[PDB]
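Engineer: Got a structure for you, questions after.
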Amino acid sequence: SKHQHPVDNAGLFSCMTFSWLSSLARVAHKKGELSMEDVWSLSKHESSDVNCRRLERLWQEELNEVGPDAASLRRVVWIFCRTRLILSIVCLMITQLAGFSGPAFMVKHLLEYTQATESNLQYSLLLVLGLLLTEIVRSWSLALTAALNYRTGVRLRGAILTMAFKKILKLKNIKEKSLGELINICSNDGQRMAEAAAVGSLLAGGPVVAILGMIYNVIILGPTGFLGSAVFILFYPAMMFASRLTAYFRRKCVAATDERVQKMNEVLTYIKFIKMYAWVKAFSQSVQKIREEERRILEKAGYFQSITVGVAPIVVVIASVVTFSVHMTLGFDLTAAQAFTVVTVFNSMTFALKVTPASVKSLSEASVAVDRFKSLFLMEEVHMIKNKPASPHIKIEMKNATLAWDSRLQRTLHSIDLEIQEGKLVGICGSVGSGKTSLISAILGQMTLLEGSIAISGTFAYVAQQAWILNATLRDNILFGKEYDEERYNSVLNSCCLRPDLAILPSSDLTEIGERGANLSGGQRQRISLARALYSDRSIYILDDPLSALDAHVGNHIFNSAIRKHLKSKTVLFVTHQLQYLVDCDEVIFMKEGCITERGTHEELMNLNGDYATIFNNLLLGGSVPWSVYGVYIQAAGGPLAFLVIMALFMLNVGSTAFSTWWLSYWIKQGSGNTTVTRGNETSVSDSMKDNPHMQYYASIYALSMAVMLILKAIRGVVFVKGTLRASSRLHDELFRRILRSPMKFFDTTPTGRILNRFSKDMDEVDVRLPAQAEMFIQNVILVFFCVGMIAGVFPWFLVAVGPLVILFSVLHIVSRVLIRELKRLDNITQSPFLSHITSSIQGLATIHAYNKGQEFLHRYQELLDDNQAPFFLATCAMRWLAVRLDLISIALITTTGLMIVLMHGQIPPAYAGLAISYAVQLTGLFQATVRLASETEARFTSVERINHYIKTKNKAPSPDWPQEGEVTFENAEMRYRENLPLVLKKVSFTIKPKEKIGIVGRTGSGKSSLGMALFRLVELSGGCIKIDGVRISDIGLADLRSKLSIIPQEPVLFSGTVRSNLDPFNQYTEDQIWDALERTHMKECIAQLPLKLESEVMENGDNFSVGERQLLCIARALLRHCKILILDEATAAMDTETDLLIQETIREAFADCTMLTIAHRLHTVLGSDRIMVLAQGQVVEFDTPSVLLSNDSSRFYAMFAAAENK
């Protein structure tokens, strides 16, 4: 025994057969759920610390030997992994030698014995035992070499991830890389390296058995054997070519699918505007046009992908046909054993296309990860000041320090003579870019030194800008790895006045805040950072501006409560940006261009009449998938007929190869037509296929069988893709149709992102991932069924031997895959906390570096890495554990087939026995693929299930001229937003009459926002009646209702595409009317100067236009329709001193001859209206015209107007 982990306790046989996992497999099967407690802890050999130390030692050794610039991290990886890679390579060599010598020798000798006229029992038994032993030791050696590299990949990932984390923690240039790269390299590069070391180490595998096969087939045959090798070496860079073509088709049309996702997001977020404008048909047409363009390249991508999914038997059949059709017709002889040895070795070399491309892609990923890690390891490292001042009273000492920045020595500071003393309240103020932040960073230690010296005699309590903080509960953010003291905690809370924050928070001390703060604000974040700094109890406090945008009153209160009183015995480096915080400061310094100009306390600062005094004066002045899915999936695919057609086509595709093999066996068995050939003085029939009179007929039938197989494969490839894509298209169309027609309440309750997830992730998965795995699963299942049926046909006793084996396979399947699903779930729910403490760590590094808490952070990161890697290691080992048990069935089937062949010697033709053993040795590696494909399809069906259930859960004839007038009346309308919700409309009744300027305004939540969509009938009326032009709103069609109405929302909304498309999506309005509307809204010149003349294209939300132009575009909208009732919402504050007035001028100039149901929350912009109503809590209380309402002081509206004037 070496460790508590059963992996170390396992010897040779247990490790080879993965017997250690059958102590957790049983408990997982019995309980049905695997938790982190049941998962064994990581071994000390695979522990992060030891492997990281070894990797660092090797890296430093190579850096010292070769050089910082000429070193290679690939050499470091090779040196680290050589010990566990050499033995794995040897094991792969021996297992691939056994797997090649099995069919080449054991099958050939067995078939030669079958053709022999004698009958030997001991020899046949010895041959069967030898073949069984060879296959058993091949499978076991493969399992051993997989387990050997699985551990070293995990240990390499663990060693490199912590080293990368330490490097990014100790780097100086935080902004050198991006946010999405530092997190990716510490979370995905390690996994890429692990999977590379796991699967790509077999690069010396498939190729070596392939070249061994090429060397073979030339001794038994003649020169014809080179044609079989040429066929393989031309077919490989054809499946590779198809894979490259499908990869090129991928990452293409991704722009189209991103445009579709953006359009769906725009139609979901701005669904109120579209539903209030009847712009549904045009948007639906737009998305249909985008989708049909997407599934025009998606169809080709699927066509090219479906070629290389099941090529395992097709390549062997093609090579055999090409070899035999020219070997027989050239006069050469061919026997059953001679012909079937080539087929068996071709099937053996077939076990390269499944692994080699994956190995190459893993090696490429490992190489690019190594290059990126090397680039990470070559940047400058941050430094910490260790020199101390000669006088202990001096805290920070620096004399004539250049202290250049980086870009590299970027000169920013010049001749700084700081003499900071212990216990001071100084402040370094200056212009932006003069070197204030540069000086702060230099004090922290992230600055290089050229001339002078830097002396620090204490730790830094530095708070960073933007308040990065941590990503945990609001208790460790204040302690920051310190002992919890009640008195200190209460003092810190009282100093920073955090009691109201705790009171308003739901969980108070237990409240959880994200990396940036979800239920938090900038001021609260800064207060939390200040509290953490106060509780830190350090010597020097590097106080970066905490109150730049926090507040004034409470900011001064916390400043004079904590910085002045609590922070008296500690050094203060408070940056200052307002200049009233240094009235009590001990020494005020003002530095410009990196040089100190004024020193001393404040009194000298004003009496010297410097720049600081001028600035101060200026500032003072200023799961299981049910059967419903499978069924509906196929029902959406076209019903039972489509599934039956697909199944029949797959069976025909497999049966093409099956019939080719059967015809080859028939040609071998038929002999020379039972004719006699004169070989001299003896004439006694013949036993050579070359003497068969109908040899050309057999060759032609073989060639036709190959052609038919190719045609069937092409037909399946071009049909199955269409069948699996039409289902996705129909599902997407139905989902869009039901979502667009669904009440708005579905949008208010269900989040927009949740709906969008069904069109960006679920839809893409359904389109590209699930059909790909389903095709291979179906192909493997049909191939296995056909092989089993044909094997049983030759010997009518395979069913009785396979029945118990089928039961064993079913028992294995039900026992397993549960510890796989649970292990994957555990890996995900341990990697999510691994993304925690990583995204936060990269987001904020200056605070960590200044506080010197880089050791406990690294320890926590290593602990998280180990607790995430252990489930990953177990999950990786589970695949090989299942593969061993499935091989225990595969080799058993092969042994049973061989025993049946040897027992029935003389009653079975050699070709029939040979085909059986060829298919038996072809059965290898099929159950392992089949179960994995079934599990993957079951997992992928969760997306289809999530998509599903979403589609599950006249009277009055309007006049052609309606509305002739703009008369609006309300008859005690009763309305509510949703059921079981507080009422928003309470017996509201009023009269508008055409030609009005209603200036509706009320308190928040009173019901002002309800009006608008209330008139448009976004949700059905719960009571009351509303009449337009004497006609009730109800009992009218949706288009008729929301087609003669217009409204401009609060925030301008613009759709991506074309300006013409935004102005006229239906394309039925004349250009002259559009230009007249633009002229009336004052657009003309500034929009006519565009190079494309209004076809200039608009980005998302109109990001290429100014805010004023964005508002003016929406103002110009609804002018073309010349609608009567306008329900223009709030203008979202005033824009400048002229743009707002111009907008108002255009607004009243355009909509002058019609009603004006404008809603504005500003009392200054509502003045001059013809008549204004005031609605409070859903009741009308004031209808008497602003003017008349004004004279009356008792009216509320006058009180609000006076309050607004006062404020």
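We count from 1, first residue shown onward.
The backbone N, Cα and C atoms fix where each Cβ goes, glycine too.
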Engineer: According to Swiss-Prot, which listed range is transmembrane segment: 125-145, 272-292?
Structural biologist: 125-145
Engineer: Write down the Cα-Cα distance for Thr1004 (ATP 2 binding site) and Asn400 (N-linked glycosylation site), rounded and given in Å.
Structural biologist: 61
Engineer: At least three Cβ pairs under 8 Å linking the transmembrane segment (701-721) and the transmembrane segment (202-222), pairs spaced 6 or more in sequence?
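Structural biologist: No; fewer than 3 Cβ pairs under 8 Å.
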Engineer: Look at every Cβ pair spanning the transmembrane segment (125-145) and the transmembrane segment (888-908), keep those 6 or more apart in sequence, and say whether at least 3 of them are under 8 Å.
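Structural biologist: Judged by the Cβ rule, the two regions touch, with the required three close pairs present.
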Engineer: Other residues with Cβ within 8 Å of the Cβ centroid of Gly1002, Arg1003, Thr1004, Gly1005, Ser1006, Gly1007, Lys1008, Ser1009 at the ATP 2 site?
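Structural biologist: The answer, listed by sequence position, is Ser1010, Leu1175.
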Engineer: Thinking of Cβ pairs under 8 Å, which stretch from 85-105, 443-463, 781-801, 802-822, 888-908 has the most of them with the transmembrane segment (202-222)?
Structural biologist: 85-105
Engineer: Which residues does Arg1003 (ATP 2 binding site) neighbour through Cβ under 8 Å, counting only same-chain ones at least six apart?
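Structural biologist: Spatial neighbours, sequence-distant, of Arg1003 (ATP 2 binding site): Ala1176, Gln1177.
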Engineer: Given the binding-site residues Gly1002, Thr1004, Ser1006, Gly1007, find the one whose Cα is closest in space to the Cα of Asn471 (N-linked glycosylation site).
Structural biologist: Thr1004
Engineer: Among the recorded positions listed here, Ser1009, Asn1104, whose Cβ has the fewest other Cβ atoms inside 10 Å?
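Structural biologist: Looking at the recorded positions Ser1009, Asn1104, the Cβ with the fewest others within 10 Å is that of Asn1104.
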Engineer: Specify the nearest of the glycosylation sites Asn519, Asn674, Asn1104, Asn1192 to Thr1004 (ATP 2 binding site), where nearness means the distance between Cα atoms.
Structural biologist: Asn519
Engineer: Going by C-alpha positions, which of the glycosylation sites (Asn519, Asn681, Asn828, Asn1104, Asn1192) is nearest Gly1007 (ATP 2 binding site)?
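Structural biologist: Considering only the listed glycosylation sites, the nearest one is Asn1192.
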Engineer: Looking at Cβ-Cβ distances, which residues of the chain lie under 8 angstroms from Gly1002 (ATP 2 binding site) while being 6 or more apart from it?
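Structural biologist: In sequence order, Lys1008, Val1174, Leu1175, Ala1176 meet the Cβ cut-off.
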Engineer: Taking the Cβ of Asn681 (N-linked glycosylation site) as the centre, count every other Cβ atom within 10 Å, in any protein chain shown.
Structural biologist: 5
Engineer: Express as a whole number of angstrom the distance that separates the Cα of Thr953 and the Cα of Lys954 across the 9-residue gap.
Structural biologist: 27
